[PDB]
Each structure stands twice: as structure tokens, then as C-alpha cells.
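**Q** Below you'll find the structure I mean.
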Amino acid sequence: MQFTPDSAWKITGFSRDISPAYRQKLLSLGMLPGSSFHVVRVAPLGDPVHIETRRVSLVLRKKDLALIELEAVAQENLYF
């Protein structure tokens with residue numbers, strides 16, 4: 001979904017398609033619903049995607065990010 005560097009995303013939930021096991025792994029890395037991450041950098045060819053949470057920095061593929069319900073932090077006074 002065009003993970004531009006510095007774009008912020010809020011985790012709202014997880015897809016119906018994620019297994020509880022993989023969801024626990026991401027949770028333990030700081031990918032909590034109600035929490036935001038930043039895109040740090042993206043691979044040439046546009047996959048995988050490097051990001052940073054409150055807890056740590058991590059990498060995963062767009063196909064991995066498609067198991068998480070994201071929403072663009074689009075709030076003006078938060079975009080600044």
C-alpha cells in the first residue's frame with residue numbers, strides 16, 4: 001500500500017486471515033492495536049518494508065503487513 005518512508009500507520013486490529021501464533025509474535029515486537037509505527041526504509045523493488053515501533057525496529061513483507069488492519073494516521077495535527 002505504498003509504504004513511503006516516514007509515513008505513519010496506526011494498527012487498528014488484525015485481519016481475519018492472521019493466525020493467533022503469528023499475531024502473538026508481532027504483538028511481542030510492539031505492533032499493538034492503538035499503537036503507531038513509522039516506515040524507516042523500503043527495499044529496492046519495494047519489498048520487504050523496514051519499520052520502527054515503540055519497542056524495536058523490524059522488517060516484514062507487504063504480504064505480512066496485509067495481515068494487519070492499518071490506517072494512515074491522516075490527522076492534520078498528528079501529520080505535522
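By order in the C-alpha cells, chains are A, B, ...; within a chain, residues start at 1; ligands start at 1, following the order shown.
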Any idea what's packed within 10 Å of region 37-52 of chain A, counting only C-alpha atoms, ignoring anything in its chain fewer than 2 positions away? Could you give it as an MDAnalysis selection string?

**A** chainID A and resid 2:11 29:32 35 54:65 70 73

**Q** Restricting the output to N, CA, C and O atoms, write the selected residues as a compact mmCIF listing (two decimals), in the first residue's frame.

**A**
```txt
# COMPACT_ATOMS: atom_id res chain seq x y z
N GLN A 2 1.95 1.27 -0.73
CA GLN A 2 2.87 2.41 -0.90
C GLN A 2 3.29 2.86 0.51
O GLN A 2 2.80 3.86 1.04
N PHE A 3 4.21 2.09 1.11
CA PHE A 3 4.80 2.41 2.39
C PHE A 3 5.96 3.39 2.18
O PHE A 3 7.12 3.01 2.18
N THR A 4 5.60 4.66 1.98
CA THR A 4 6.57 5.73 1.79
C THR A 4 7.35 5.91 3.09
O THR A 4 6.76 5.88 4.17
N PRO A 5 8.70 6.08 3.04
CA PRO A 5 9.47 6.46 4.23
C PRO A 5 8.81 7.61 5.00
O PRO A 5 8.29 8.54 4.39
N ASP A 6 8.77 7.48 6.34
CA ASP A 6 8.27 8.48 7.29
C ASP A 6 6.73 8.47 7.39
O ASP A 6 6.19 9.10 8.30
N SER A 7 6.03 7.79 6.47
CA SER A 7 4.59 7.59 6.63
C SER A 7 4.35 6.81 7.93
O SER A 7 5.08 5.86 8.24
N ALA A 8 3.39 7.28 8.72
CA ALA A 8 2.99 6.66 9.96
C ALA A 8 1.66 5.93 9.75
O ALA A 8 0.79 6.40 9.03
N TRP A 9 1.54 4.78 10.42
CA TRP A 9 0.37 3.92 10.37
C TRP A 9 -0.01 3.53 11.79
O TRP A 9 0.87 3.18 12.60
N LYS A 10 -1.31 3.58 12.07
CA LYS A 10 -1.87 3.10 13.31
C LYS A 10 -2.42 1.69 13.09
O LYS A 10 -3.15 1.46 12.13
N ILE A 11 -2.04 0.77 13.98
CA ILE A 11 -2.58 -0.57 13.99
C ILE A 11 -3.97 -0.50 14.65
O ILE A 11 -4.09 -0.08 15.78
N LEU A 29 6.61 -7.69 19.53
CA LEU A 29 7.56 -6.79 18.87
C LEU A 29 7.09 -5.33 18.96
O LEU A 29 7.83 -4.42 18.54
N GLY A 30 5.88 -5.09 19.48
CA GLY A 30 5.36 -3.74 19.69
C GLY A 30 4.25 -3.34 18.73
O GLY A 30 3.78 -2.22 18.82
N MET A 31 3.80 -4.27 17.87
CA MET A 31 2.75 -3.99 16.89
C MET A 31 1.39 -4.16 17.57
O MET A 31 0.61 -5.07 17.22
N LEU A 32 1.09 -3.27 18.52
CA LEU A 32 -0.14 -3.30 19.32
C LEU A 32 -1.23 -2.48 18.64
O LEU A 32 -0.99 -1.34 18.24
N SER A 35 -1.49 1.43 18.72
CA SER A 35 -0.12 1.95 18.61
C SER A 35 0.22 2.21 17.14
O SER A 35 -0.31 1.53 16.25
N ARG A 54 7.47 1.52 19.08
CA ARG A 54 7.89 1.96 20.42
C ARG A 54 8.99 1.04 20.96
O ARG A 54 9.92 1.50 21.61
N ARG A 55 8.87 -0.27 20.69
CA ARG A 55 9.73 -1.27 21.31
C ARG A 55 11.03 -1.47 20.52
O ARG A 55 12.11 -1.45 21.10
N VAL A 56 10.90 -1.69 19.21
CA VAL A 56 12.01 -2.13 18.36
C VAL A 56 11.76 -1.76 16.89
O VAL A 56 10.66 -1.34 16.49
N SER A 57 12.81 -1.95 16.09
CA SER A 57 12.74 -1.90 14.64
C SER A 57 12.60 -3.33 14.11
O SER A 57 13.13 -4.25 14.72
N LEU A 58 11.85 -3.51 13.02
CA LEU A 58 11.59 -4.84 12.45
C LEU A 58 11.45 -4.73 10.93
O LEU A 58 11.37 -3.63 10.39
N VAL A 59 11.50 -5.89 10.25
CA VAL A 59 11.27 -5.97 8.81
C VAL A 59 10.21 -7.05 8.58
O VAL A 59 10.19 -8.08 9.25
N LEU A 60 9.33 -6.77 7.62
CA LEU A 60 8.43 -7.78 7.12
C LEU A 60 7.99 -7.39 5.71
O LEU A 60 8.22 -6.26 5.26
N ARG A 61 7.37 -8.35 5.03
CA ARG A 61 6.98 -8.20 3.65
C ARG A 61 5.60 -7.52 3.62
O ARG A 61 4.87 -7.54 4.61
N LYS A 62 5.26 -6.94 2.47
CA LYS A 62 3.94 -6.32 2.30
C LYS A 62 2.85 -7.36 2.55
O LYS A 62 1.77 -7.03 3.07
N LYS A 63 3.12 -8.62 2.18
CA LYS A 63 2.16 -9.69 2.35
C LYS A 63 1.93 -9.93 3.86
O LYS A 63 0.82 -10.25 4.26
N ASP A 64 2.98 -9.73 4.67
CA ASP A 64 2.91 -9.79 6.15
C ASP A 64 2.11 -8.60 6.72
O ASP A 64 1.31 -8.76 7.63
N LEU A 65 2.33 -7.40 6.16
CA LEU A 65 1.62 -6.20 6.59
C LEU A 65 0.13 -6.28 6.20
O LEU A 65 -0.71 -5.67 6.85
N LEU A 70 -4.27 -1.72 9.12
CA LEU A 70 -3.60 -0.45 9.30
C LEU A 70 -4.57 0.67 8.89
O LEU A 70 -5.51 0.44 8.13
N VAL A 73 -2.40 7.35 9.65
CA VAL A 73 -2.56 8.47 10.55
C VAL A 73 -2.65 9.66 9.58
O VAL A 73 -1.67 10.00 8.92
```

**Q** Assign secondary structure with DSSP using the backbone only, and return the residues of chain A in strand (DSSP E or B) as a short mmCIF file (atom, residue, chain, number, x, y, z; two decimals) with N, CA, C and O atoms, in the first residue's frame.

**A**
```
data_model
loop_
_atom_site.label_atom_id
_atom_site.label_comp_id
_atom_site.auth_asym_id
_atom_site.auth_seq_id
_atom_site.Cartn_x
_atom_site.Cartn_y
_atom_site.Cartn_z
N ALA A 8 3.39 7.28 8.72
CA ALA A 8 2.99 6.66 9.96
C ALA A 8 1.66 5.93 9.75
O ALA A 8 0.79 6.40 9.03
N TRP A 9 1.54 4.78 10.42
CA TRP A 9 0.37 3.92 10.37
C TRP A 9 -0.01 3.53 11.79
O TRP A 9 0.87 3.18 12.60
N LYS A 10 -1.31 3.58 12.07
CA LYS A 10 -1.87 3.10 13.31
C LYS A 10 -2.42 1.69 13.09
O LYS A 10 -3.15 1.46 12.13
N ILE A 11 -2.04 0.77 13.98
CA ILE A 11 -2.58 -0.57 13.99
C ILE A 11 -3.97 -0.50 14.65
O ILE A 11 -4.09 -0.08 15.78
N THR A 12 -5.01 -0.87 13.90
CA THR A 12 -6.39 -0.84 14.42
C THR A 12 -6.78 -2.23 14.93
O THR A 12 -7.55 -2.36 15.88
N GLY A 13 -6.29 -3.26 14.23
CA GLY A 13 -6.59 -4.64 14.53
C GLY A 13 -5.76 -5.55 13.65
O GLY A 13 -4.78 -5.10 13.06
N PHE A 14 -6.16 -6.81 13.53
CA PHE A 14 -5.52 -7.75 12.62
C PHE A 14 -6.58 -8.32 11.68
O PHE A 14 -7.76 -8.32 12.00
N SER A 36 1.11 3.18 16.92
CA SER A 36 1.60 3.61 15.60
C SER A 36 3.00 3.04 15.32
O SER A 36 3.78 2.77 16.23
N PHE A 37 3.33 2.87 14.04
CA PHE A 37 4.71 2.69 13.61
C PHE A 37 5.00 3.66 12.46
O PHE A 37 4.08 4.15 11.82
N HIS A 38 6.30 3.90 12.25
CA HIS A 38 6.85 4.67 11.15
C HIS A 38 7.49 3.71 10.14
O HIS A 38 8.12 2.72 10.54
N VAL A 39 7.38 4.02 8.85
CA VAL A 39 8.23 3.37 7.85
C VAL A 39 9.59 4.07 7.88
O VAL A 39 9.68 5.29 7.78
N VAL A 40 10.66 3.27 8.03
CA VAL A 40 12.02 3.78 8.08
C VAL A 40 12.58 3.82 6.66
O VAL A 40 13.11 4.85 6.22
N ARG A 41 12.47 2.69 5.96
CA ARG A 41 13.08 2.48 4.65
C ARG A 41 12.41 1.28 3.97
O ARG A 41 11.78 0.45 4.62
N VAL A 42 12.54 1.22 2.64
CA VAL A 42 11.93 0.19 1.82
C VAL A 42 12.99 -0.38 0.87
O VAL A 42 13.84 0.36 0.37
N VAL A 49 9.70 -4.32 3.80
CA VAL A 49 9.47 -2.99 4.37
C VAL A 49 10.08 -2.96 5.77
O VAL A 49 9.74 -3.78 6.62
N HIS A 50 10.97 -1.99 6.00
CA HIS A 50 11.60 -1.75 7.28
C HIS A 50 10.83 -0.67 8.05
O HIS A 50 10.56 0.40 7.49
N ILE A 51 10.50 -0.95 9.32
CA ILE A 51 9.67 -0.06 10.17
C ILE A 51 10.25 0.02 11.59
O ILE A 51 11.19 -0.69 11.95
N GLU A 52 9.63 0.88 12.42
CA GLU A 52 10.07 1.08 13.79
C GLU A 52 8.85 1.30 14.70
O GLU A 52 8.03 2.18 14.42
N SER A 57 12.81 -1.95 16.09
CA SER A 57 12.74 -1.90 14.64
C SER A 57 12.60 -3.33 14.11
O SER A 57 13.13 -4.25 14.72
N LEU A 58 11.85 -3.51 13.02
CA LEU A 58 11.59 -4.84 12.45
C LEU A 58 11.45 -4.73 10.93
O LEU A 58 11.37 -3.63 10.39
N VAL A 59 11.50 -5.89 10.25
CA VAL A 59 11.27 -5.97 8.81
C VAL A 59 10.21 -7.05 8.58
O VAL A 59 10.19 -8.08 9.25
N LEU A 60 9.33 -6.77 7.62
CA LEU A 60 8.43 -7.78 7.12
C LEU A 60 7.99 -7.39 5.71
O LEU A 60 8.22 -6.26 5.26
N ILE A 68 -2.50 -7.30 8.90
CA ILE A 68 -2.74 -6.30 9.95
C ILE A 68 -3.66 -5.21 9.37
O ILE A 68 -3.43 -4.73 8.28
N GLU A 69 -4.69 -4.83 10.13
CA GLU A 69 -5.53 -3.70 9.75
C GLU A 69 -4.80 -2.41 10.13
O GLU A 69 -4.70 -2.06 11.31
N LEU A 70 -4.27 -1.72 9.12
CA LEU A 70 -3.60 -0.45 9.30
C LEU A 70 -4.57 0.67 8.89
O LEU A 70 -5.51 0.44 8.13
N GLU A 71 -4.31 1.87 9.39
CA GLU A 71 -4.92 3.04 8.83
C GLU A 71 -3.93 4.20 8.91
O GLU A 71 -3.22 4.40 9.91
N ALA A 72 -3.86 4.94 7.80
CA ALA A 72 -2.97 6.04 7.68
C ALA A 72 -3.36 7.02 8.78
O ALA A 72 -4.52 7.41 8.88
#
```

**Q** As an MDAnalysis selection string, please: all residues of chain A that backbone DSSP puts in helix (DSSP H, G or I).

**A** chainID A and resid 20:27 62:65 76:79

**Q** May I have the residues from that selection written out with N, CA, C and O atoms, as a compact mmCIF listing (two decimals), in the first residue's frame?

**A**
```txt
# COMPACT_ATOMS: atom_id res chain seq x y z
N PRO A 20 -3.36 -16.87 15.21
CA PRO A 20 -3.03 -16.38 16.55
C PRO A 20 -1.53 -16.46 16.85
O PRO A 20 -1.00 -15.56 17.50
N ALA A 21 -0.85 -17.50 16.37
CA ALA A 21 0.59 -17.67 16.61
C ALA A 21 1.37 -16.48 16.02
O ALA A 21 2.18 -15.87 16.73
N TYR A 22 1.12 -16.13 14.76
CA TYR A 22 1.91 -15.05 14.12
C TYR A 22 1.54 -13.70 14.75
O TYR A 22 2.40 -12.82 14.88
N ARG A 23 0.27 -13.55 15.14
CA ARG A 23 -0.23 -12.35 15.82
C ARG A 23 0.50 -12.15 17.15
O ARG A 23 0.80 -11.01 17.49
N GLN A 24 0.75 -13.23 17.91
CA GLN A 24 1.48 -13.13 19.19
C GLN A 24 2.91 -12.65 18.94
O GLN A 24 3.43 -11.82 19.67
N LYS A 25 3.54 -13.16 17.87
CA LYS A 25 4.92 -12.78 17.55
C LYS A 25 5.02 -11.27 17.28
O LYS A 25 5.95 -10.61 17.77
N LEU A 26 4.09 -10.75 16.48
CA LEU A 26 4.11 -9.33 16.11
C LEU A 26 3.82 -8.48 17.35
O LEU A 26 4.48 -7.48 17.56
N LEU A 27 2.87 -8.93 18.17
CA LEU A 27 2.48 -8.23 19.40
C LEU A 27 3.72 -8.02 20.28
O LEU A 27 3.95 -6.91 20.78
N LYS A 62 5.26 -6.94 2.47
CA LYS A 62 3.94 -6.32 2.30
C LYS A 62 2.85 -7.36 2.55
O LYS A 62 1.77 -7.03 3.07
N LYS A 63 3.12 -8.62 2.18
CA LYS A 63 2.16 -9.69 2.35
C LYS A 63 1.93 -9.93 3.86
O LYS A 63 0.82 -10.25 4.26
N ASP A 64 2.98 -9.73 4.67
CA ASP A 64 2.91 -9.79 6.15
C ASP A 64 2.11 -8.60 6.72
O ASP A 64 1.31 -8.76 7.63
N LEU A 65 2.33 -7.40 6.16
CA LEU A 65 1.62 -6.20 6.59
C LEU A 65 0.13 -6.28 6.20
O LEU A 65 -0.71 -5.67 6.85
N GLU A 76 -4.37 15.91 10.84
CA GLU A 76 -3.57 17.05 10.49
C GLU A 76 -2.55 17.31 11.60
O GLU A 76 -1.35 17.24 11.36
N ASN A 77 -3.05 17.53 12.83
CA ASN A 77 -2.26 17.96 13.99
C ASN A 77 -1.38 16.80 14.51
O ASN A 77 -0.70 16.96 15.54
N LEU A 78 -1.43 15.65 13.83
CA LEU A 78 -0.56 14.49 14.07
C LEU A 78 0.40 14.28 12.88
O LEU A 78 1.51 13.75 13.06
N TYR A 79 -0.03 14.67 11.67
CA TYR A 79 0.81 14.61 10.47
C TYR A 79 2.01 15.55 10.61
O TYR A 79 3.13 15.17 10.27
```
